[PDB]
Each structure stands twice: as structure tokens, then as C-alpha cells.
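> I am attaching a structure below and will ask some questions about it afterwards.
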Amino acid sequence: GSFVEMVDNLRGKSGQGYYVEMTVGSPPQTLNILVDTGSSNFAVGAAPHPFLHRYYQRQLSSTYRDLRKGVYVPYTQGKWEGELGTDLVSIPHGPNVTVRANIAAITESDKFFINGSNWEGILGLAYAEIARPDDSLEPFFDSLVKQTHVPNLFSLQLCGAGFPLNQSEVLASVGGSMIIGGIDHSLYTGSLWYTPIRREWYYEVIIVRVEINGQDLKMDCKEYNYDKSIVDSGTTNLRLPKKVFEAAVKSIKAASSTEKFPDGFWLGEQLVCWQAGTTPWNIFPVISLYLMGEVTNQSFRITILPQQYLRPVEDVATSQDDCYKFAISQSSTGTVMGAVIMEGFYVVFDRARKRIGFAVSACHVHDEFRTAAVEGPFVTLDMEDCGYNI
Ligand SMILES: CCCN(CCC)C(=O)c1cc(C)cc(C(=O)N[C@@H](Cc2cc(F)cc(F)c2)[C@H](O)[C@H]2C[C@@H](OCC)CCN2)c1
């Protein structure tokens, strides 16, 4: 592991997001910032909000520059409105550099901030194409690379605890690592396998095959990427296109049929509980997603366990049962490989080589009988046809 200063710099959990400490302005104002590979705007609360105990105070920064322009950013979940400007930004547990970056000062928001998440802003790590108002607003990572010698690559190790973290525990617990400019080998086991970034907007990838316990879901692979497939740390769940979700749920139900779960569970809205330590992991299937490889006609697969797709939640009675929510849900905007999937792997966003790497995470949750996996190669033909074209 060669990036010790950045190892263990994240906090949070899948249900509320993973965040990194950043500083903005002069003198530096410390803020916790949501790591979001599914958007491209750097934005921080800049006005009082019931869920914020701190916010960016522009009038206290000698390096603040007003762009005299408003900005509106709508996400699937919620939205915010703000005022554009630039200021000096640093990451305390990151690369020892300070850069001048665009910052949207959030003045109004709806369903954006999360009560108790401990974060006050968002770091959109995707490409300028999807930046608001338009692609001329340079994203933070682009500025970082242009202004310093930091390699055009970052990697994420999101660490799910495998159990509920109460308010105090989640504040004192290490939630993972964001390695800026490199790959830290202590964070994964086995080999890194790379899939091409199909196009530089979201971190778009192509899924070529899906298995539930080794059984082919057997759908036209274009359905898996309808209308796109993305890697998104800013979404909790694995979200699947309607038809794929329906097929996957039918197959996961069939594999786990020795126990019947209520419809509310499969809808991802209701928790299920087991007596302490008795969660029947073995009745739930593993899920394998095959991704386009970098070699012609070659693919590889990433395999996740129910310890990834069943999200630990506190029992509404706070008892001693082990409880979970089903973290796979339906999408109308393509596949979203969210945080619960990322928790099984060390994910390398190799922007310089236009590829995303996956390796088994050194912090993934598993049992004595099964482990997450990244395996290859597999002969796979006509993978280009798996991509969707509007
Ligand atoms: C992560 C904590 C729990 N959480 C948010 C609160 C329930 C989710 O799991 C979640 C669920 C859905 C269905 C969408 C998004 C979502 O829109 N996430 C965005 C980031 C985000 C927004 C927000 F407003 C609160 C928050 F924390 C995180 C991504 O940028 C997402 C936006 C999407 O916008 C398309 C218009 C494109 C893909 N990436 C996030």
C-alpha cells in the first residue's frame, strides 16, 4: 500500500452516502463532502438548513470569486439551487495540493440533504458532459488534474460494516478510502480486471451477461444496459432496468424459495429480521455481472454476495435481531451500480486509460463459505451489441 495518507479517509455508510473531508476558502473552512461518481458538480451548503450544522460562508473567504451566475441541479433523488463561484479547495487526507475550483454555493434545496449523514456538500466526480449548467463548468477532478501533477485516476474502497452503525458509531468508524491519483494495493486481493468506459459522461460501462447462482438470467444483453449502465457511489442500491429487475427478482425468489418474504421486502421498502447471528445467508444466491473486457471478445465477471445486496438496518424495535433491507430496486434510467455493489470491490476509475477496474475488496463482508469474486477471462462474442443506442 503506497498511499497511506489517503487510506481510511472516508466515513459514512451505503444508506446515507460516503464522504471525505475537504476545505474551502481562505482561511480554510472544513466541510464533509459526499463522494458521488454519478454527477459532475462540486456543491456545498452555503446557507442555513435544518440538517446542516455547518455551511460555506463566502463572505469569510478572501479567495472567494463570484461568477455572478445561478445554477440548478436536479438529481433522481432531489435537487438544489445555488450560486456559482470559485475558491481554493484542499483535501486534508488527500494529495498535498490546493486547487482553484468551481463551487456551487447551495442556497435552496429539496430532498437533497440527509438528516444525520454528517455531510454538507457533494463532490461530483463524473465528466463535464453532465455538469450543470453545461459542459463549460469544469468539474473538480478536471481542475485538480490540470493544475497539479496528480495522475488522472482515482480509486474507491467503500466499506460496509455488515451490521448497523448507530449515530455515534458511524461518526467514529472508518468507511473506506478514496485514493486520489493512484491505486493502493493493500485495499484489494487478487487481480484487477478492467472494463472500458464506454463514453465519458457518467462512468458508463457495458454488462454482457447476468447470472443468479450461476444460472444465466438469459436476457438479450441490450436489456441489461437499457438505456445505460453506470457506476454510481451516490446511489445506495443496485438499480436495474424494469424488465431486468423483474427477471432478477423472480430468479432470486426461486433461489431463496425455502423462505417466503413479503412483497414489501422485495420492493426494497420493508425490513426482514432474524434472531441474532442466524441470518440464512446460504439460502440467498450470489449475483454475477459480466463486464466487457479490454481485449476483443473477452469479458470478466464480478460476483456479489447477499452480504452486499442485503443492507443492514436497525430493527424498528432496536432489539437484538439482525435486520436488512433488499438493496436491489427498479430503474427507468438504466442500470445503476450503487454503493452496495461497490462495497464488494475496490473500484479504479482510470480516467487516463478510459477504463474502470474491479478487484475483490479487502473490506467486503462475507462468510466462511463464500466470498465476492472478480474472475476472468471468458470468451464473449458481439459485446458491442450489448450497448444501447437511442
Ligand atoms: C445515497 C444515499 C441514499 N440515496 C439518496 C437519498 C435516498 C439514494 O440511495 C439514492 C436513491 C435514488 C433513487 C437516487 C439517488 C440520486 O439521485 N443520487 C445522486 C446523488 C445524490 C442526490 C441527492 F439528492 C441526495 C444524495 F444523497 C445523493 C446521483 O448523482 C445520481 C443522480 C442521477 O440523476 C439523474 C437525473 C444520475 C445518476 N447519479 C440517490
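Residue positions begin at 1 at the first shown residue.
According to its header, this structure was worked out by X-ray crystallography, 1.5 Å.
Backbone N, Cα and C define each Cβ position, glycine as well.
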> Going by the disulfide annotation in Swiss-Prot, which one of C159, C221 is bonded to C363?
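Swiss-Prot says the disulfide from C363 goes to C159.
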> Listed recorded positions: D36, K222, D232, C323, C363. Which have a CB under 6 angstroms from an atom of ligand 1?
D36, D232
> In which DSSP state, out of helix, strand and coil, do we find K243 (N6-acetyllysine)?
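The three-state answer is helix.
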> Spatially speaking, which of the recorded positions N96, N115, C159, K250, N297 is closest to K222 (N6-acetyllysine)? Use C-alpha to C-alpha, please.
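That would be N297, nearest by Cα distance.
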> Just jot down the residues in the same chain as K69 (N6-acetyllysine), at least 6 apart in sequence, with C-beta under 8 A of its C-beta; none if empty.
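The list for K69 (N6-acetyllysine) reads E83, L84, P133, given in order along the sequence.
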